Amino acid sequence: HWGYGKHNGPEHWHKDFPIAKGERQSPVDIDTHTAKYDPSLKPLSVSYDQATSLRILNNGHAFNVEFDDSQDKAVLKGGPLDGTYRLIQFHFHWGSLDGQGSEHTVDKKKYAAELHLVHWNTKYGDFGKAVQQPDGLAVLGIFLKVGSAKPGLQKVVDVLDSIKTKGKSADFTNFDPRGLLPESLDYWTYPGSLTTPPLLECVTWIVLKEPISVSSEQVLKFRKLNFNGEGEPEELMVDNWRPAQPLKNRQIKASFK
């Protein structure tokens, strides 16, 4: 099955998922000088006050914090988006070392990790229908750098011991994703894809300019997770990022001057 090792990692994915070589793949390098300021772009509207987290899952490639997406409770709108996108889950990608881990890069800079808040367009009714549409998802990407601790991340860090291995889940109610946001909602946006199989070209990417800071101790706990299932040979869950893909015929737009 696909993964992040030398025999099943990103350079192999195209054999099972030929869209891996498609025209709108993610992530990409954000060349800050080439991104065009678009005064038509609206402020992002992030409405997470009624978010209902339910559960955290180690799925063997990352961990997902899952939300109740059966009502407009945690929604993204505005920015580059038409209509309303409901939060279904967030997860991270991270490195073995602080010098790598992000999927998007900024002028070729790699951050220690990247948070993806995944939302689906309510006009398609369910996530599975949304991923079949070119405007089906909006993923809000937030870079992580190592420095000060992020207090709002610690509840996530502290439950990871209970989901060490693939297939483990834990109740994870009352988690407020507002505690993972930076101060500024300035962003870049472009049309792209899921960054894991099935690599569907269904995402409007919204990447925040301002990173969040997390502590060395917080990211070190991400790196204690396992890709393997319980009672299998230990394979640390590190370097679960896809590198930058060709931009092809795309424009990256900036919300800010």
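Counting begins at 1, following the sequence as shown.
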With respect to the recorded C-alpha B factors, which stretch has the higher mean value, 227-235 or 59-67?
-> 227-235
Output the stretch having the higher mean C-alpha B factor in the entry; the candidates are 187-195 and 35-43.
-> 35-43
Taking the Cα B-factors listed in the entry, which of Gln133, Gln89, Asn174, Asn121 comes out highest?
-> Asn174
At the C-alpha atoms, which of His116, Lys109, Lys129, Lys168 reaches the highest B-factor in this entry?
-> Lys168
Of the three thirds of Cα B-factor ranks in this chain, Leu153 occupies the middle
Hey, what third does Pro243 fall into on Cα B-factor, ranked over its chain?
-> lowest
Temperature factor at the Cα of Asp82, chain-ranked in thirds, falls in the highest
Binned into thirds over the chain's modelled residues, the C-alpha B-factor of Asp98 lands in the middle
Taking the chain's C-alpha temperature factors as the reference, tell me which third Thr52 falls into: lowest, middle or highest.
-> highest
